[PDB]
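Undergrad: Pasting in a structure now, in structure tokens, and then I'll have a few things to ask.
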Amino acid sequence: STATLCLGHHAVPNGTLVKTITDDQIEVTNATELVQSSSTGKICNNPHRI
Amino acid sequence: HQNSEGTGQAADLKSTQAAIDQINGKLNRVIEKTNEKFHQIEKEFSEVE
Ligand SMILES: *[C@@H]1O[C@H](CO)[C@@H](O[C@@H]2O[C@H](CO)[C@@H](O[C@@H]3O[C@H](CO)[C@@H](O)[C@H](O)[C@@H]3O)[C@H](O)[C@H]2NC(C)=O)[C@H](O)[C@H]1NC(C)=O
């Protein structure tokens, strides 16, 4: 004679931590690196004529 | 509470704690606790160059 409706969001197996103002460390469902650390080690002749 | 038995007060440590935790750690995060520097540039002179 009654029904229950609920709302919610998704989740992932193992999330990633991020640095935020309020919390010193917290996990999210997705992240991304904003600092290029890797390098091919070779100079690409193009476009700039080398 | 203002029940028939009278009045009374009690602080909820749970809620209070959450606030404190967020507050404390933030400062150090935003600003780096420290950074070293040694020989730099003369930031003063006595004559014109
Ligand atoms: C995290 O969630 C995001 C969004 O749901 C997903 O990552 C995103 O993945 C797409 C496709 O792999 C990337 O877009 C691509 O952009 C390039 C731009 O040159 C384009 O050539 C491709 O056709 C494509 O549209 C997008 O950059 C990427 N964003 C990031 C870094 O999150 C992904 O499902 C989850 N994991 C990742 C990879 O972060």
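Labels for the structure tokens follow display order: chains A, B, ..., residues from 1 in each chain, ligands from 1.
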Residues at most 7 Å from ligand 1, using only C-alpha atoms and all ligand atoms? Could they come as a ChimeraX atom specification?
TA: /A:30-32
Undergrad: Would you mind exporting N, CA and C atoms of the selected residues as a PDB file, in the first residue's frame?
TA:
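Here's the written file out_16.pdb:
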```pdb
ATOM      1  N   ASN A  30      37.305   9.795 -10.118  1.00  0.00           N
ATOM      2  CA  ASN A  30      38.168   9.963 -11.280  1.00  0.00           C
ATOM      3  C   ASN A  30      39.135  11.127 -11.082  1.00  0.00           C
ATOM      4  N   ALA A  31      40.360  10.963 -11.574  1.00  0.00           N
ATOM      5  CA  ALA A  31      41.381  11.996 -11.458  1.00  0.00           C
ATOM      6  C   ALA A  31      42.158  12.124 -12.764  1.00  0.00           C
ATOM      7  N   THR A  32      43.179  12.975 -12.763  1.00  0.00           N
ATOM      8  CA  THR A  32      44.004  13.183 -13.947  1.00  0.00           C
ATOM      9  C   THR A  32      45.245  13.998 -13.597  1.00  0.00           C
TER      10      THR A  32
END
```
Undergrad: Fewer than 5 positions away in the same chain doesn't count, so skip those; otherwise give me all residues within 10 Å of stretch 12-27 of chain B, counting only C-alpha atoms, as a list in words.
TA: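 Residues meeting the cut-off are residues 19, 20, 21, 22, 23, 24 and 25 of chain A; 32 and 33 of chain B.
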Undergrad: Using Å and a single decimal, report how far atom CA of residue B:35 sits from atom CA of residue A:27.
TA: 28.0 Å
Undergrad: Using only C-alpha atoms, find the one residue out of A:49, A:8, A:3, A:26 that sits nearest to chain B.
TA: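 That would be A:26, the residue with the smallest distance to chain B.
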Undergrad: What does the structure give for the distance between atom CA of residue B:31 and atom CA of residue A:36, in Å to one decimal?
TA: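 Calculated distance between atom CA of residue B:31 and atom CA of residue A:36 is 23.1 Å.
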Undergrad: Enter the distance from atom CA of residue A:35 to atom CA of residue A:47, in Å, rounded to one decimal.
TA: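 Atom-to-atom, atom CA of residue A:35 to atom CA of residue A:47, that is 23.1 Å.
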Undergrad: Among chain B, which ones does DSSP assign to strand (DSSP E or B) (computed from the backbone)? Answer as a PyMOL selection string.
TA: chain B and resi 2-3+6-7
Undergrad: Quick check for you: according to DSSP on this backbone, which residues of stretch 16-49 of chain B are classed as alpha helix (DSSP H)? Reply as a ChimeraX atom specification.
TA: /B:16-30
Undergrad: Point out the residue among B:30, B:11, B:1, B:36 with the least atom-to-atom distance to chain A, counting only C-alpha atoms.
TA: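 Of B:30, B:11, B:1, B:36, the one nearest chain A, counting only C-alpha atoms, is B:30.
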